[PDB]
Each structure stands twice: as structure tokens, then as C-alpha cells.
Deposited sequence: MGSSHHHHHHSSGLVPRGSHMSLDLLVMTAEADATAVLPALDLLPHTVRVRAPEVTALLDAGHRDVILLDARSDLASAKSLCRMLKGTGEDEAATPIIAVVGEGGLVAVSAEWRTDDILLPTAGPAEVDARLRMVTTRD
């Protein structure tokens, strides 16, 4: 699986504001709003990137929801500013975290590891 299908949950038009390095990787990126409704039928996804730069509480509870739905096993990486790093805990149930300034090598490493 060279390319992965990533769902970026964000109030933004594209992921380049959230994670710029994604633009330099071979993975295919689609964007949806950070709402349960938005996620109803995106289709396939290998990883969910959760945009958590601005509204940490929303992201936390959104994340808590997705993990514990009891059917969910899809990994979630939270993209956190420098910023809300102190706000990230095990309660989020994230599988990993990324700073928006992360370069391509680290983004790819973390996506691969969270799928393997």
C-alpha cells in the first residue's frame, strides 16, 4: 500500500493549512468538517487526521466519540499546535500526534507506523 487514503477532519477548505507536508507525499487526501454527520459516508480511510490547532475541546470530544463507538478501529492522529500539546492526554484516545510544522519524513513515518 504505497498511497494511503487520509480523511482530514477540518473546518478548512484543504489540508494545506493544517498539515502542509501532506502536499509532498503520495497519499490521497480528502477533507470533511469535524462533525459526526460529515463522516457518514466518506468511503475508505486508512488514517484520520484530526485538525486540533484551534478548538481543542471540540477535537478532544470528537476524538473520544469516534473511539468507543463499539463497532472506530480506524487510527486517529491529532494535529496539535505547540500550543495545545499540554492538552493532549490518554483521554483523547489518539494513536499519535503531529505538529502542523511537521515535515514529510515524520508525517510519513507516523502515518505508516499508525497503520502497521
| query | finding |
| --- | --- |
| Parts of the chain sequence, as deposited, that carry no C-alpha coordinates in this structure | 1-19, 91-92, 138-139 |
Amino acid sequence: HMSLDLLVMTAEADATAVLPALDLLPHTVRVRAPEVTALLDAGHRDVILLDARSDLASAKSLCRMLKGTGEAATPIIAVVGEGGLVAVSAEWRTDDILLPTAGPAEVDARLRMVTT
From here on, numbers count along this sequence of modelled residues.
property: Stretch with the higher entry mean CA B-factor, where the candidates are 16-24 and 104-112; result: 16-24
property: Mean C-alpha B-factor comparison - 78-86 and 39-47, higher one; result: 39-47
property: Third of chain Cα B-factors occupied by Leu4; result: middle
